[PDB]
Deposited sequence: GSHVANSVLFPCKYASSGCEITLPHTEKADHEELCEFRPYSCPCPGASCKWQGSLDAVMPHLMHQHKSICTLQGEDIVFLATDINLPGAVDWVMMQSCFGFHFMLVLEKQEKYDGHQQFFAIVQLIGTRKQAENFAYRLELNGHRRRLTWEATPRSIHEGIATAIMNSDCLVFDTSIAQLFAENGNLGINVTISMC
């Protein structure tokens, strides 16, 4: 025995990769056969399952998250001026997939807006999204590739890899304490 390749921990659920211990743990974080965890902000929920199962999980356990059909919508976040750590979530359905639209006000204050595909990293690469804030002869735009829920959004948000704005920018675009984000999804 010159050396040995070890199977990925998720080999049981179908990973055929075999690797030397050195880069086993490296593969096992990237591995696509890794179960999906709950993609809602606030991890009061600790559900796991297969990708097929996720949409149903949200449909049963997160009924208050609501969905819109369209490749162009307006995500109207209400009570934008609420103090402290706030979340806004909704779902956008188009091109046969479901996307999670997230806004996060963090405490210091700063807002972060980002879109994730309910799908795989490879699938996420087929899509682009635009976020845009609008006011009288004023527009702020963000354009990026959506993250797979597999990857999540937490590190993106930490790295400011998304639309970022502060409370004062919010006031240039907010009407009656509500902010309208124009979300547009497309293929590429």
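Residues of the deposited sequence lacking C-alpha coordinates fall in the stretches 1 to 4, 113 to 116, numbered from 1.
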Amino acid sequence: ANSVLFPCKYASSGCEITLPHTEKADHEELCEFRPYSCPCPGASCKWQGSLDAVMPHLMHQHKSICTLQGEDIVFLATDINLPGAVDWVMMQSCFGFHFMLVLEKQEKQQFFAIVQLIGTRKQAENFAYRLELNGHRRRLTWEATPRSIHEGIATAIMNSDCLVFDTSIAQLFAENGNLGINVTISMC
From here on, numbers count along this sequence of modelled residues.
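The deposited model assigns a higher average Cα B-factor to 29 to 37 than to the other stretch when 29 to 37 and 121 to 129 are compared. Between 176 to 184 and 19 to 27, the higher mean Cα B-factor belongs to 19 to 27. The PDB entry assigns its highest CA temperature factor, among 148, 50, 159, 67, to 50. Ranked within its chain, residue 139 lands in the lowest third, by CA B factor from the PDB record.
When the modelled residues of the chain are ordered by C-alpha B-factor, residue 164 sits in the lowest third.
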